[PDB]
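S.K.: Just one file: input_3.cif, with mmCIF, C-alpha atoms.
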```cif
data_model
#
loop_
_atom_site.group_PDB
_atom_site.id
_atom_site.type_symbol
_atom_site.label_atom_id
_atom_site.label_comp_id
_atom_site.auth_asym_id
_atom_site.auth_seq_id
_atom_site.Cartn_x
_atom_site.Cartn_y
_atom_site.Cartn_z
ATOM 1 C CA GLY A 1 18.674 -19.695 1.784
ATOM 2 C CA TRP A 2 15.007 -18.726 1.912
ATOM 3 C CA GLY A 3 15.487 -15.217 3.258
ATOM 4 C CA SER A 4 15.040 -13.827 -0.244
ATOM 5 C CA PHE A 5 11.327 -14.441 0.299
ATOM 6 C CA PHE A 6 10.713 -11.349 2.446
ATOM 7 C CA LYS A 7 7.000 -11.774 3.267
ATOM 8 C CA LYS A 8 6.363 -13.103 -0.247
ATOM 9 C CA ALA A 9 2.667 -13.385 0.560
ATOM 10 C CA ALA A 10 2.306 -9.854 1.914
ATOM 11 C CA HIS A 11 4.157 -8.375 -1.059
ATOM 12 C CA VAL A 12 1.468 -9.783 -3.344
ATOM 13 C CA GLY A 13 -1.374 -9.030 -0.948
ATOM 14 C CA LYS A 14 -0.638 -5.306 -0.677
ATOM 15 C CA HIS A 15 -1.048 -5.072 -4.468
ATOM 16 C CA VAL A 16 -4.767 -4.667 -3.875
ATOM 17 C CA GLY A 17 -4.185 -2.328 -0.969
ATOM 18 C CA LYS A 18 -7.075 -0.202 -2.191
ATOM 19 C CA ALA A 19 -9.409 -2.552 -0.339
ATOM 20 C CA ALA A 20 -6.906 -3.424 2.382
ATOM 21 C CA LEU A 21 -7.192 -0.118 4.238
ATOM 22 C CA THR A 22 -9.953 -1.807 6.225
ATOM 23 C CA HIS A 23 -7.355 -3.915 8.047
ATOM 24 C CA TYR A 24 -4.021 -2.210 7.463
ATOM 25 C CA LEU A 25 -4.067 1.566 7.286
#
```
Could you write out this structure as structure tokens?

M.R.:
Amino acid sequence: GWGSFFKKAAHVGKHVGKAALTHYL
């Protein structure tokens, strides 16, 4: 069904992970 959308928002968000280390890494 909709399981093929594995955190579809996070997958795109981590693209700019260079500035995400402030609240991730």

S.K.: Rounded to one decimal place, report the atom CA of residue A:24-atom CA of residue A:11 distance in Å.

M.R.: 13.3 Å

S.K.: Could you please determine the separation between atom CA of residue A:12 and atom CA of residue A:25 in Å, to one decimal place?

M.R.: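 Taking atom CA of residue A:12 and atom CA of residue A:25, their separation equals 16.5 Å.
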
S.K.: Between atom CA of residue A:20 and atom CA of residue A:5, what distance in Å does the model show, to one decimal?

M.R.: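 Atom CA of residue A:5 lies at a distance of 21.4 Å from atom CA of residue A:20.
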
S.K.: Could you pull chain A out of the structure I just pasted and write it to a file containing C-alpha atoms, as a compact mmCIF listing (two decimals), in the first residue's frame?

M.R.:
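As a result, result-v2.txt now contains:
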```
# COMPACT_ATOMS: atom_id res chain seq x y z
CA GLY A 1 0.00 0.00 0.00
CA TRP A 2 1.79 3.09 1.30
CA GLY A 3 4.72 1.30 2.91
CA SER A 4 6.87 2.14 -0.10
CA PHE A 5 7.09 5.63 1.39
CA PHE A 6 9.72 4.78 4.01
CA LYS A 7 10.06 8.15 5.79
CA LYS A 8 9.68 9.96 2.46
CA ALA A 9 10.16 13.28 4.24
CA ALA A 10 13.31 12.26 6.10
CA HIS A 11 14.87 10.82 2.95
CA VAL A 12 14.67 14.27 1.36
CA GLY A 13 15.59 16.11 4.55
CA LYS A 14 18.88 14.28 5.09
CA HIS A 15 19.98 15.49 1.64
CA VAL A 16 21.16 18.68 3.32
CA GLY A 17 22.63 16.76 6.22
CA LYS A 18 25.60 19.11 6.17
CA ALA A 19 23.57 21.52 8.28
CA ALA A 20 21.56 18.81 10.03
CA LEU A 21 24.38 17.67 12.32
CA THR A 22 23.05 20.25 14.77
CA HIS A 23 20.04 18.03 15.47
CA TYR A 24 20.95 14.58 14.20
CA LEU A 25 24.58 13.56 14.55
```
